[PDB]
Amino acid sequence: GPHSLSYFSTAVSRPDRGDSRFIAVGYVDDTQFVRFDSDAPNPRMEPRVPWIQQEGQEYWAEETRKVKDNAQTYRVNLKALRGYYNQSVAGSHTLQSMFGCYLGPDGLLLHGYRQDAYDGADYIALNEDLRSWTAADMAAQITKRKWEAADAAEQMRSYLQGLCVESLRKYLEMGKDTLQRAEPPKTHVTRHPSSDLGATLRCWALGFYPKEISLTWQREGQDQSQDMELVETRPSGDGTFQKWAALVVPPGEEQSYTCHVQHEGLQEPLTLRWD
């Protein structure tokens, strides 16, 4: 692999509405499979892909129970943090939490993690030994101290080692026909005339999965990265991804340039030129 299961949660205080909003999303590798929005009518954990829908009612009831508990708890944390820092009562603040597990070679936990941020800044994070915390400032040390006496790390560690990996193995099976097959990119090289000394070639990679991909340009075998424009990998909207890399080639030199595409869905690296 390594495959992964991860959750991303965002809690935002709304003093002008008397409460806060909590949003959580779950991923298996690059595929979001669940979501929770505390603003939604009847807030519950909802499926986001077909394969997770085969989970029974107790799954959804339990995930909803837990995520609502997470929401209420982080609403309180926001209130605490405002005091801890002595911030305004009218200001809206943001609490982000991220955590997940990777699947090791022998089916055991690989690099579990847990990290929280307040207003974009590091707050507290679980260390690599899964038994200690790094606190980023004065306020975070107060929290860190509580969590040490209460051995909060053991809860997190046992989750990452047990339930998290176990669920990951279970999810990978449920969505095997989708999560375990790499979908290779559809590739294209397009051309777009600019000015006298301006003629742009663009190499496209479309509809691929997983997200990881490598697009590069060569000139007779010479990397042109320093010259090319590479956009951020972007979602296609159907669970796949897109990306492109473009550069300006001299008038008449199209055929000296080649785009190279590398992705796990591909048997071998693809060499593309302006056909």
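Residues carry their position along the shown sequence, with the first being 1.
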Higher avg CA temperature factor (105-113 vs 69-77, as deposited) belongs to 105-113
Of the two stretches 57-65 and 216-224, which shows the higher Cα B-factor on average in the entry?
216-224
Select one of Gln267, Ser20, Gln262, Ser9: the residue whose C-alpha shows the highest B-factor in the crystal structure entry.
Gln267
Looking at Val28, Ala246, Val34, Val249, which has the highest Cα B-factor in the entry?
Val249
For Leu206, the third of its chain by CA B-factor is the lowest
CA B-factor placement of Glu46, once the chain's modelled residues are sorted into thirds:
middle
Could you tell me which third, lowest, middle or highest, the C-alpha B-factor of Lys176 occupies within its chain?
highest
By the recorded C-alpha temperature factor, relative to the other modelled residues in its chain, which third is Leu95 in?
lowest
By its CA B factor, does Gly120 count among the lowest, middle or highest third of the modelled residues in the chain?
lowest
